[PDB]
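Shown below, as structure tokens, is a lone chain in the form deposited without the named molecule; questions about how it binds or moves come after it.
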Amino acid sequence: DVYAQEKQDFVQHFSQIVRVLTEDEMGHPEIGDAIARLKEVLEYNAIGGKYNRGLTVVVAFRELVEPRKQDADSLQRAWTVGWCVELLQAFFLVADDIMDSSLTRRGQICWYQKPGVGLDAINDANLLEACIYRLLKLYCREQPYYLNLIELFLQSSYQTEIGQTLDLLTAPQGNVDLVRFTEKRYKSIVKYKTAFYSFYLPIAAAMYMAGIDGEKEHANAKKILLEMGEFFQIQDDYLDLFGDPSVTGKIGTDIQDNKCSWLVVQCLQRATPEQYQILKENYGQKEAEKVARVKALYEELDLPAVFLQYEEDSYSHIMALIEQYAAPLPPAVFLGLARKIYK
């Protein structure tokens, strides 16, 4: 597996990242306490995932750049840009867990729930964002793709924040209106809140680093990747309720939080007016017994089977898109990633 090959060198580079970020303290000991906090935030929130987004930069880089140009220094930059993608995710997740009133992430208590942290986590999240641009300046400032990467990270952040806005507006607390929950609304939410930053960003970053800056090549890569991103968020929604928290590392809140989940959208398409009534009375509430009623209804409608069928249809569709849109990039770049999220 090409991801497993690269993983150990990638994960080890995190020590170099922590080191260069905390060497700001060298020439300014007055900010020592702040740098110690930054280190703690990095170690708690950036470590412990599967690193699929960051590894995707490294894997794609190795398949897009001639082996003769994969010197030690170029590899260091690739690992760094990979870690920047992981830091962007950590920024979004720390804030997301506050806004979604979540309990655990990656098997441990959410950062904001940690005693002594609380809403100070807002500033911690913004520091994670700032670290991205410090790392890009330190490692990539002299490279011809520097400005392209800065603009890519900024644009991806904007798109993701627009998506979070749609997510939050469609799920007002204490206000259950099921008519908002359409398939058309759902697809817009997930394209912006997840697809750009999770799938387009890491491959696009590798493309720029390899000198592939063509409008056309980026457009074709988007066609494949935004569809993969849609599937990924559908899977995330399914696992919120039907996944095992010991595997997922997080407790689900979509029902309690009144979210426009793929599950509720599918339920609404299949529900009798009597099932619709059950949904309306129990959705968007914290009571455990009410959450249980919605899950029972989902099982009654065999939504787990609908998801399995969607996974298969989606895989076939993404493979057809790869056949059409991959060239001139090697199909392996997209196939490797697909194997990672569908398997």
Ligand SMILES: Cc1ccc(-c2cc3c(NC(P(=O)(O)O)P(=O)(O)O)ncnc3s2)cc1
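Position 1 is the first residue in the sequence shown; the rest follow in order.
Only in words, not in the display: the form solved in complex with the named molecule, which the text now covers.
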Of 271-279, 50-58, 293-301, 28-36, which is the one stretch near the named molecule in the bound PDB entry, taking non-hydrogen atoms within 4.5 angstroms as near?
-> 50-58
Contact label in the bound PDB entry: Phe181 to the named molecule, heavy atom within 4.5 Å | no
Would you please decide whether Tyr139 lies within 4.5 angstroms of the named molecule in the bound PDB entry, comparing each non-hydrogen atom pair?
-> no
Is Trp262 a contact residue for the named molecule in the bound PDB entry, using a 4.5 Å heavy atom cut-off?
-> no
4.5 Å heavy atom contact, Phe199 and the named molecule in the bound PDB entry | yes
Would you mind picking the one in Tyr145, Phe153, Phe232, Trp111 that has a heavy atom within 4.5 Å of the named molecule in the bound PDB entry?
-> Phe232
